[PDB]
Amino acid sequence: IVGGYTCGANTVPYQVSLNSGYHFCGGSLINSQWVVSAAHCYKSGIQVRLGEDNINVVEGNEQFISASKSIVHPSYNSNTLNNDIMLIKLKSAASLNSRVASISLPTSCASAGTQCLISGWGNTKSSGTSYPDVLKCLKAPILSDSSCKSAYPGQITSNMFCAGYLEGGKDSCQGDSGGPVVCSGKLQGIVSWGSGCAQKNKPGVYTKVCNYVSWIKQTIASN
Ligand SMILES: N=C(N)c1ccc(CNC(=O)[C@@H]2CCCN2C(=O)CNC2CCCC2)cc1
Ligand SMILES: [Ca+2]
């Protein structure tokens, strides 16, 4: 997260870290046994880490639970990142508490101009590399689809939306991948792609979660 701030410990209690010996992606807890992330975060041997603030220090509210299954969206295309969403099931139900909490799926999509919260353990530099070890936050509005499409002609689908700031300086970044965009109490976006981080006229691109709520609800009910 570039241009953001320290959230504070467990203030984003639906935020998860995906770990396979190291943090490699974010995710969102949507109920005691299931996580949503980006399909580009798929890999085998994932351990879900809940209740995290400093990801390099055991502070006392963590839950580490191995994934039992992963389900990438059936229409995921890795080249275009269309349908960049996956579901991960926990080997055992998480113990839900104030620091480990699920985030509601939308009932309908969010509008351009709605303010959201984006969070993650990703790079904080727009030039160069620096990884934070505590969770970083960023409040960012959803941008018009046309500004989105003008930034990335022919690369935006109906399953993507842009958020952030066209002037640059504030954006998500590598390592934030699969992490949440929460607007009005609902998970509306997943950190998916962009060009560089916090560059002028290159806003962040997010998976459009409202399009996938029926798929999510059907898939968890059958798995
Ligand atoms: N500036 C940002 N908001 C931002 C930029 C990049 C990321 C991380 N995501 C990525 O790097 C993703 C996953 C693997 C390939 N990838 C890409 O961005 C590759 N670029 C193409 C653009 C059209 C679809 C794929 C996360 C956030
Ligand atoms: Ca920790």
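As drawn, each chain counts its residues from 1 in written sequence order, possibly unlike the entry's numbers, and residues without coordinates are not displayed. The naming scheme follows written order: chains are lettered A onward, ligands numbered 1 onward. To obtain the side-chain values, all non-hydrogen atoms of the structure were included, while hydrogens and water were left out.

The deposited coordinates for this entry were obtained by X-ray crystallography, with a reported resolution of 1.76 Å.

Where the PDB entry is consulted, the protein appears under the name Cationic trypsin, with the organism given as Bos taurus. As recorded in the PDB, the entry bears the title "Exploring trypsin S3 pocket". UniProt positions are given in the numbering used here, feature names are shortened, and annotations may be inferred rather than shown by experiment. Database annotation for the protein, UniProt heading Subunit: "Interacts with SERPINA1." According to its UniProt record, the protein has this under Sequence similarities: "Belongs to the peptidase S1 family."

Draft legend 1. Quick peek at the sheet that holds strand β8 (residues 115-120). The strand order across the open sheet formed by seven strands is β1-β9-β8-β11-β12-β13-β10, and the pairing between neighbours is antiparallel. The open sheet has two edge strands, β1 (5-6) and β10 (160-163), and neither has a second partner. Whether two strands pair depends on DSSP finding at least two bridges between them. Helix and strand labels come from DSSP, where a helix needs a run of H or I of at least four residues and a strand needs a run of E of at least two; each type is numbered from the N terminus. In this structure, β1 lies alongside strand β9 (residues 136-141), joined through two bridges in antiparallel fashion. Note on β9: the bridge partner recorded for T6 is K136.

Draft legend 2. Layout of the state of the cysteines. Disulfides are defined in this document as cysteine sulfur pairs within 2.5 Å. Within the structure shown, the criterion is met by six disulfides. One disulfide in the model links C25 with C41; its S-S distance is 2.0 Å. Disulfide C25-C41: the torsion about the S-S bond is -85°, which places it as left-handed. Placement of the pair is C25 in strand β3 (residues 23-31) and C41 in the loop between β4 (34-37) and β5 (47-50), with a sequence separation of 16 residues. Judged on exposure class, the residue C25 and its partner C41 are both buried. The disulfide bridge from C116 ends at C183, spanning 2.0 Å between sulfur atoms. Here the S-S torsion is close to 95°, and the disulfide linking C116 with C183 is therefore right-handed. On the criterion of sequence distance, the pair formed by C116 in strand β8 and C183 in strand β11 (residues 180-183) is long-range, its members being 67 residues apart. Taken individually, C116 and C183 each receive the classification buried, so the pair is uniform in this respect. Accessibility here uses a 1.4 Å probe with only protein chains present; expressed as a share of the type maximum, an area under 20% marks a residue as buried, one over 50% as exposed, and anything in between as partly exposed.

Draft legend 3. How the structure looks around the sheet that holds β5. In spatial order, the strands read β2-β3-β4-β7-β6-β5; together these six strands close into a barrel with antiparallel pairing. Taken over all neighbouring pairs, the strand axes of this sheet differ in orientation by 40° on average, direction set aside. With four bridges connecting them, β5 and strand β6 (residues 63-72) associate as antiparallel partners. Following the sheet pairing, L50 is matched in β6 by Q63. Contacts from helix α2 (residues 213-221) reach β3, β4, β6 and β7 (86-90) within the one sheet, and its direction differs from that of β7 by about 30°. Axis angles are defined between N-to-C directions and span 0 to 180 degrees, where every axis is a line fitted to C-alpha atoms and, for a helix, only to the segment in contact. The contact criterion used throughout is that any non-hydrogen atoms of two residues lie within 4.5 Å.

Draft legend 4. Geometry of the UniProt feature "disulfide bond" in the protein. Judged by the under 2.5 Å criterion, the sulfur atoms of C116 and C183, which UniProt pairs in a disulfide, are close enough at 2.0 Å to be bonded in these coordinates. On the accessibility criterion, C116 (0% relative accessible area) is buried. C183 gets classed as buried once you look at its relative accessible area, which sits at 2%. Structure remark: disulfide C173/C197 (UniProt) confirmed, S-S 2.0 Å. One end of the pair, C173, is in the loop between β10 and β11; the other, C197, is in the loop between β12 (186-193) and β13 (204-208), and 24 residues separate them in sequence. Here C173 falls in the buried class, since its relative accessible area comes to 8%.

Draft legend 5. Region of interest: the domain arrangement of the protein. Domain segmentation is taken from an automatic or database assignment of domains. What the domain assignment reports for the protein is domain 1 (1-12 + 103-210) and domain 2 (13-102 + 211-222). Here the C-alpha centroids of domain 1 and domain 2 sit 18 Å apart. Taken together, the contact between domain 1 and domain 2 spans 37 residues of the former and 37 residues of the latter. Buried area between domain 1 and domain 2, summed over both chains or domains, comes out near 3,000 Å², and the portion from carbon and sulfur atoms is 55%. Its largest share of buried area at the contact with domain 2, domain 1 owes to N10, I103 and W121, together 26% of the area lost on that side. Within this document, salt bridges are pairs made up of a side-chain nitrogen of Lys or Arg and a carboxyl oxygen of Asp or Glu, the two lying within 4 Å of each other. Linking domain 1 with domain 2 are zero salt bridges. Pairs of N or O atoms are called polar contacts if they sit within 3.5 Å, as long as, within protein, a hydrogen donor faces a hydrogen acceptor (for residues adjacent in sequence, only side-chain-to-side-chain pairs). Connecting domain 1 to domain 2 are 24 residue pairs in polar contact. The biggest single contributor to the side of domain 1 that touches domain 2 is β12, with five residues. Polarity classes work like this: nonpolar for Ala, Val, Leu, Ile, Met, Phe, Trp, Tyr, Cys and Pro, charged for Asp, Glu, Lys and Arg, and polar for all others, with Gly in that last group. Broken down by class, the residue content of the side of domain 1 that touches domain 2 amounts to 19 nonpolar, 15 polar and three charged. Note on terms: buried area is the combined drop in 1.4 Å-probe accessible area of two parts once they are placed together, counting the loss on both.

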